[PDB]
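In what follows, residues are counted from 1 in the order of the sequence shown. Note that ligands are numbered from 1 as they come in the structure, with each ligand's atoms numbered from 1 the same way. For the numbers below, each heavy atom of this structure counts, side chains included, while hydrogens, waters and symmetry mates do not.
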Amino acid sequence: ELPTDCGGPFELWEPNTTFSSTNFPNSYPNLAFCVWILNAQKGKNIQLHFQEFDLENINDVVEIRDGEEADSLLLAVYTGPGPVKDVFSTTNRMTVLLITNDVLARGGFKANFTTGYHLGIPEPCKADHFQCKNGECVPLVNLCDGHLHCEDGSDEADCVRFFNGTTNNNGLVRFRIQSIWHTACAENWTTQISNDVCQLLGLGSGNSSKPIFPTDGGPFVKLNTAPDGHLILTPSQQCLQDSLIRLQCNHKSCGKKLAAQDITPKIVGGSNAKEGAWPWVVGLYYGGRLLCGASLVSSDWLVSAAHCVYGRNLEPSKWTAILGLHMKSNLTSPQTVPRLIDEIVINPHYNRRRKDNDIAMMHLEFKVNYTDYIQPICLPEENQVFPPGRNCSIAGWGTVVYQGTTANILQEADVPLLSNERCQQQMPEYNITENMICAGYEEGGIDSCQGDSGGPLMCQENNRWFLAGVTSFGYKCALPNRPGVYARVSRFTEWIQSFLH
Ligand SMILES: *[C@@H]1O[C@H](CO)[C@@H](O)[C@H](O)[C@H]1NC(C)=O
Ligand SMILES: *[C@@H]1O[C@H](CO)[C@@H](O)[C@H](O)[C@H]1NC(C)=O
Ligand SMILES: *[C@@H]1O[C@H](CO)[C@@H](O)[C@H](O)[C@H]1NC(C)=O
Ligand SMILES: *[C@@H]1O[C@H](CO)[C@@H](O)[C@H](O)[C@H]1NC(C)=O
Ligand SMILES: *[C@@H]1O[C@H](CO)[C@@H](O)[C@H](O)[C@H]1NC(C)=O
Ligand SMILES: *[C@@H]1O[C@H](CO)[C@@H](O)[C@H](O)[C@H]1NC(C)=O
Ligand SMILES: *[C@@H]1O[C@H](CO)[C@@H](O)[C@H](O)[C@H]1NC(C)=O
Ligand SMILES: *[C@@H]1O[C@H](CO)[C@@H](O)[C@H](O)[C@H]1NC(C)=O
Ligand SMILES: *[C@@H]1O[C@H](CO)[C@@H](O)[C@H](O)[C@H]1NC(C)=O
C-alpha cells in the first residue's frame with residue numbers, strides 16, 4: 001500500500017537551488033522513486049554539493065546522471081550516512097533519482113547545486129605545458145622522459161603507438177619524445193629490443209619485422225641496445241639505405257590454461273571443476289560472503305557485474321578478491337590469494353532500470369603474480385563476432401534455490417549461444433539491447449543462478465579462452481526456455497583497455 005509518488009520537484013531552475021527530499025529533517029516515505037532534473041543554461045555544467053546526507057544502507061541509493069536525452073550516463077551512486085563528494089557534471093541537465101526500498105526509512109538528503117563554466121574540472125594552465133588527467137600540468141620536457149611526473153602517469157603513458165598498422169598487433173614504431181612524434185630506423189635493429197618494444201606497447205614478444213623503406217619526412221630516431229635494459233633513442237637524423245620498422249608483436253598472456261586436465265564429455269549435467277581448471281575466475285567476498293564472481297583481466301584489475309557492486313562502491317575496502325578460488329569452505333590452500341579492492345568504477349552507460357551496460361572495473365590493492373592456478377582472462381579483439389550455437393563454458397557457485405546452500409566447489413557447465421532475435425522471442429518481459437548476448441539451453445537443467453553474477457562467458461577460439469559475456473540478470477532458476485543474458489564484452493573492450501593501461 002506504498003506506491004511510488006509522482007509529482008515532485010522535477011524541473012529546477014537557477015534561482016531555485018536549495019532542494020531536498022520530502023520532509024528532509026524527518027523520515028522519507030519508502031518505495032519512493034523521485035527525480036530532480038537540474039536544468040541549466042547551454043554551456044554550463046552542474047555542481048551538486050550535499051549540505052547534509054544521511055541515507056539508508058545499499059538498499060536505498062541516490063543515482064546522479066548526466067543524460068540530457070534518452071541515453072542517460074552515470075555520474076555517482078551515493079548511499080549510507082556521512083558526507084559525500086560533490087558531483088561535477090558536464091552538460092546543462094542532471095538527473096537525481098532516489099531509489100528506495102519498502103522498509104527502514106532513514107532521514108534523507110539535501111543539496112544546493114550551482115551552474116558554471118567547466119566547474120569541477122580545473123582551469124587549464126599555460127599552453128607551454130601538458131595537462132595530466134587530474135588537471136595538473138607539467139612542462140613539455142617532463143613528458144615521455146622515463147620519469148613519472150603526473151599523479152596518474154599521463155606524462156609517461158601513450159608515448160609509443162602503432163602507425164600504418166593493418167591490425168591492432170603490428171604497424172610502425174612511432175615514438176614520442178619532447179612532445180614530438182617520429183619513426184625509427186633499422187640499421188641496428190635486433191631481436192633483443194623487439195620484445196622490449198612490444199612490452200612497452202602492452203603486447204607479447206616479437207614475431208618478425210619487415211623493414212622496407214622510409215616514406216615519411218619525420219625525424220626518425222636511431223635505436224640501440226643497452227646493458228642496463230634501457231631502450232636508448234639516440235637523437236639524430238642521419239642514415240643511409242634506411243627503412244621503417246614494420247614490427248609484428250604477439251599477444252599477451254591470453255586464455256591459455258596451464259593445468260594438466262583430461263578429456264571428459266559432459267554437456268548435460270556438468271560436474272565440479274578440477275583444481276586449477278579456471279584460473280581467471282576470481283571470487284568477491286563482501287563481509288565474509290560471496291556475492292558475485294569476477295574475471296581477471298590484468299595483474300591488478302577485475303571485471304565484475306555492475307548490479308552487485310551497485311551501492312557497494314563507496315567503501316571498496318569492504319570487498320575481498322580471492323584469486324585461485326577452488327573451494328568455498330577451505331581458503332587455507334596455497335593456491336588461494338587474497339587481495340583488497342581500492343577502486344570500483346561502474347560503467348558510465350549503466351542503467352539498473354534497463355539492466356544495460358552491466359559491467360564494472362575493480363582495481364586490486366597489490367599486483368598479483370601469475371601462477372599455474374592464476375592466469376588472466378583474454379579480452380576479445382576489436383571487431384570480433386561470436387556465432388550462435390557455439391558451446392561456451394561458464395563458471396560459478398550458483399545455488400539450487402534462492403535461500404539455500406550453495407556448491408562448495410567451483411561449478412562449471414557448457415551452454416550454447418543464442419541470437420538476440422530468438423532470445424527476445426523467448427524473453428518477452430525484459431529488453432534485449434545491442435550490448436547483450438544470450439546463452440543457455442531452452443530445455444532447462446543447465447541454468448545459472450545467484451552467486452554466478454559477473455561470471456565470464458568463456459568462448460574458446462584457437463586454443464584461447466576469450467571473454468564473451470558478463471552475467472547481468474535472468475529469470476527464475478531451473479526453468480526451461482530461459483537462457484542467461486550476459487553483458488556483451490565485445491562492445492566494452494576499448495573501455496576496459498583504457499583502464500588497463
Ligand atoms: C521556483 O519554483 C516555484 C514553484 O516550484 C516557482 O513558482 C518559481 O517561479 C520558481 N523560481 C524562483 C522562485 O525563482
Ligand atoms: C551550498 O551551501 C551554502 C548555501 O547556503 C553555500 O555556502 C555553499 O557554497 C553551497 N555550495 C555549493 C553551491 O556548491
Ligand atoms: C601508410 O603511410 C602513408 C604515409 O606516407 C599513408 O599515405 C598511407 O595511407 C598509409 N597506409 C598505406 C596502406 O600505405
Ligand atoms: C650500427 O651499425 C653499424 C654497422 O656496422 C656499426 O658499425 C655501428 O657500431 C652500430 N651502432 C651505431 C651506434 O652506429
Ligand atoms: C609468429 O606468428 C606465427 C603465425 O604466422 C605463429 O604461428 C607463431 O607461433 C608466432 N610466434 C613465433 C615465435 O613464431
Ligand atoms: C584444506 O586444504 C588443506 C591443503 O590442501 C588440507 O590440508 C586440509 O585438510 C583442507 N581442509 C579440510 C577441512 O579438509
Ligand atoms: C612476485 O614477483 C616479484 C617480482 O620479483 C617477487 O619479488 C615476489 O616474490 C613474487 N611473489 C609474490 C608473492 O609477490
Ligand atoms: C555443442 O554440443 C552439441 C552436443 O552434441 C553438439 O552437437 C554441437 O555441435 C556443439 N556445438 C559446437 C559449436 O561445437
Ligand atoms: C525495448 O522496449 C522498447 C519500448 O521502449 C521496444 O520498442 C523494444 O522493441 C524493446 N526491445 C526489444 C528487444 O523488444
To which protein heavy atom is [atom] closest, and what is the distance rounded to 0.1 Å?
| atom | result |
| --- | --- |
| atom 9 (O) of ligand 5 | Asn207 ND2, 4.9 Å |
| atom 5 (O) of ligand 2 | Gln51 NE2, 4.0 Å |
| atom 10 (C) of ligand 9 | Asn431 ND2, 2.5 Å |

Please assess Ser89 against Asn45 for the test side-chain hydrogen bond (donor to acceptor under 3.5 Å, both in side chains), listing each intermediate value before the final yes or no. CA-CA 5 Å; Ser89 172; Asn45 70 277; 5.6 Å; no

Is there at least one pair of N or O atoms, one from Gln47 and one from ligand 2, spaced under 3.5 Å apart? no

Between ligand 2 and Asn112, is the shortest N or O to N or O distance under 3.5 Å? yes

Salt bridge check, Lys252 against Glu381: does any charged N sit closer than 4.0 Å to a carboxylate O? no

Identify, by atom number and element, the atoms of ligand 9 in contact range of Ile432, meaning under 4.0 Å from any of its heavy atoms. 13 (C)

Number the atoms of ligand 9 from 1 as they appear, then name those within less than 4.0 Å of a heavy atom of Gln424, with their elements. 12 (C), 13 (C), 14 (O)

Side chains of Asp60 and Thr100: donor-acceptor distance under 3.5 Å anywhere? no

Any protein heavy atom under 4.0 Å from [atom]?
| atom | answer |
| --- | --- |
| atom 14 (O) of ligand 5 | yes |
| atom 7 (O) of ligand 2 | no |
| atom 2 (O) of ligand 2 | yes |

Hey, can you tell me if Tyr310 and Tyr350 have their rings parallel, tilted or perpendicular (30° and 60° cut-offs)? tilted

So, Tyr373 versus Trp278, ring centres under 6.0 angstrom or not? no

Could you check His230 against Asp228 for side-chain hydrogen bond (donor to acceptor under 3.5 Å, both in side chains), going step by step and ending with a plain yes or no? CA-CA 6 Å; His230 291 65; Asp228 55 327; 2.8 Å; yes

Would you compute the distance between atom CD1 of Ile359 and atom CG of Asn435 and round it to the nearest 0.5 angstrom? 10.0 Å

